[PDB]
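Undergrad: model the structure of this input:
(chains A, B, C and D)
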Amino acid sequence: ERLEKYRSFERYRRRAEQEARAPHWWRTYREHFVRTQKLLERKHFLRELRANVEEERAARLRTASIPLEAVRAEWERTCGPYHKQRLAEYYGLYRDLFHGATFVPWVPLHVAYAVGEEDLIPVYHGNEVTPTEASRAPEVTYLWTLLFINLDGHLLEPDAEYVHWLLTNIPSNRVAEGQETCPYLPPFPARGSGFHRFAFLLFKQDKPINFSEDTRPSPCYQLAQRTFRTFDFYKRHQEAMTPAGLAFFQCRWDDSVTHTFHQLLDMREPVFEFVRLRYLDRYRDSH
Amino acid sequence: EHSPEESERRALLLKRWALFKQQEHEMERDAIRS
Amino acid sequence: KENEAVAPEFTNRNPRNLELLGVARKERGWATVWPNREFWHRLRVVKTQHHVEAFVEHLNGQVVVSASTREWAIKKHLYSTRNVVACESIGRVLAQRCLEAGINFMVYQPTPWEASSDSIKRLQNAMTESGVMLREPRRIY
RNA sequence: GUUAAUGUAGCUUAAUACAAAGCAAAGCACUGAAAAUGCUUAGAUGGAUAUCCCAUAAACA
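TA: Numbering: from 1, shown residues only, chains lettered A, B, ... in the order given. The structure is reproduced below:
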């Protein structure tokens, strides 16, 4: 009785997993392989909800339901930005884009790809959107600077990346007024490279700055001029640029990708795949 | 034999009776501690 | 055409490139311990005394999707944090957060008593209807 | 009144940030008892700084 006994196996498993996370003298797997007033007002509503007999009746009748849409909007306002950072960091955007610099987003950036005019394809964090679905520029809803990247879409150099379209001196929310430094190009992910992560970055602009260096010919179909580095570009403008918004999706190869490489990029489709007696008696076993 | 309506009515107050006892025990346990 | 030049090998850097493709390595160790580690993501469901929480954790130990009833948005519309419906709601909320995160596949390993729980079963029913798969794809060798 | 305690919910310096948290405790079902398990129940800043403090309760009194 003196020894403590967890009343469920998982509690020991969770405790053991938590114990394994911390380093220990004994060998473990990881070592080898590794405001207030608002709340008071909120609480008053909670007591009212508990008091409501109808809610209690549903609970005992196990028929109660909750509206997902209402919860979703509230969640974004309260702690949504913090979760936004986790997804970006988990996908390695910060390490690849800013060389390890980490920023908590503050602007709830949202992007969706317009399917003609009837509907527009969402762009979640870590979303999956086919290149066929990216033939057009997406709608962004959130001065400012708006930038598009294919983090791993570069075909020749690992560190380098290409811009889809870059807008500068964006006034407030409207994006039509931004300078079209880079014309829009549809995604061109190489076949057999799996999922390419594309990150959409929003930077706060303290003062309007003309990015004549970042201006590119419209239309431009050359990869040699599309290649760029986010880190040095951000460093050159780090004084007036503080990132606050994010949105990124993953895309596979698709039939449109063949069209993009050939019709306008005008180059071969890139294809890759990960690759996993006397004299002779002495030579042979017999001797 | 209780009717289904009676069980529903009793079920609601049985929760209150459980609540009334539960509150008493907390006070009773604290009362013993004092 | 000069553009036709293409490099011999790609330089994909996405952490989930292999994982989403299915070629990423799955933990094949821990042969002396139960259960299996052949899962990229796992659903961790923790029921506290007053709150019910469900998390999705990758092999690296970083939760990507975290659903908790203590969160303000869900609870204000949720009558009692501890309830069978709460497990259903958190499952749908966890699914919606799973929808938010872009993760479609996860491995769930309920315990004998947890599996028997109707609330967890309904929570799984909420997950399956929302599309979140309780079984992950097999690794590609 | 002098000394002194002592004031988020049984416990916690959980927290003042994105939640007033986790843990203890509770009804019923399940019949050796217990425990386990399913489904369910109730709650706090009696209080401030960004130490006094009033309340409370003691030795002095």
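
Undergrad: burial count for residue A:46?
TA: A total of 12 residues lie near residue A:46 under the criterion other CB atoms under 10 Å in any protein chain shown. No exception for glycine: its C-beta is placed from N, CA and C like everyone else's.

Undergrad: I'd say residue C:109 and residue C:34 touch.
TA: No - Residue C:109 is beyond contact range of residue C:34, at 9.5 Å (criterion: CB atoms under 8 Å).

Undergrad: neighbour count: these two, which is higher?
TA: Set side by side, residue C:109 and residue C:34 show unequal neighbour counts under other CB under 10 Å, the larger going to residue C:109 at 16 against 10.

Undergrad: got the phi and psi for the more buried one?
TA: Residue C:109 has phi and psi values of phi -130, psi 80 when expressed as degrees, to the nearest 10.

Undergrad: could you do the one 10 residues further on as well?
TA: Note on residue C:119: its backbone torsions stand at phi -60, psi -40 [degrees, to the nearest 10].

Undergrad: wait, what's in contact with the residue nearest to residue A:143 when sequence neighbours are not counted?
TA: Once its chain neighbours are removed from consideration, residue A:143 has its nearest residue in residue A:205; the separation is 3.8 Å (CB to CB, 6 or more residues apart in numbering or on different chains). Contacts were defined as CB atoms under 8 Å, 6 or more residues apart in numbering or on different chains; by that measure residue A:205 touches A:143-145, A:169-170, A:240-241.

Undergrad: any idea how far residue A:205 is from chain C?
TA: Here the criterion is CB to the nearest CB, to the nearest Å. By it, residue A:205 lies 28 Å from chain C.

Undergrad: do you know how far that residue is from residue C:140?
TA: According to CB to CB, to the nearest Å, residue A:205 stands 45 Å off from residue C:140.

Undergrad: next one: residue A:236
TA: Taken as CB to CB, the spacing of residue A:236 relative to residue C:140 amounts to 42 Å.

Undergrad: same thing with residue C:96?
TA: 29 Å.

Undergrad: neighbour-wise, which of these two wins?
TA: Counting neighbours by other CB under 10 Å for residue C:96 and for residue C:140 shows that residue C:96 has the greater number, 20 against 11.

Undergrad: neighbours of the closest residue to that one other than its chain neighbours, how many?
TA: Counting by CB to CB, 6+ apart, residue A:68 is the residue found nearest to residue C:96 once chain neighbours are left out, at 5.3 Å. In terms of burial, residue A:68 registers 16 neighbours under the definition other CB under 10 Å.

Undergrad: ok, now the one 10 residues further on?
TA: The criterion is other CB under 10 Å. On that basis, residue A:78 has 12 neighbouring residues.

Undergrad: tell me the SS of it?
TA: Local secondary structure at residue A:78 is given as helix here, using DSSP: H, G, I helix; E, B strand; the rest coil.

Undergrad: same deal with residue C:67?
TA: Going by three-state DSSP, the secondary structure assigned to residue C:67 is strand.
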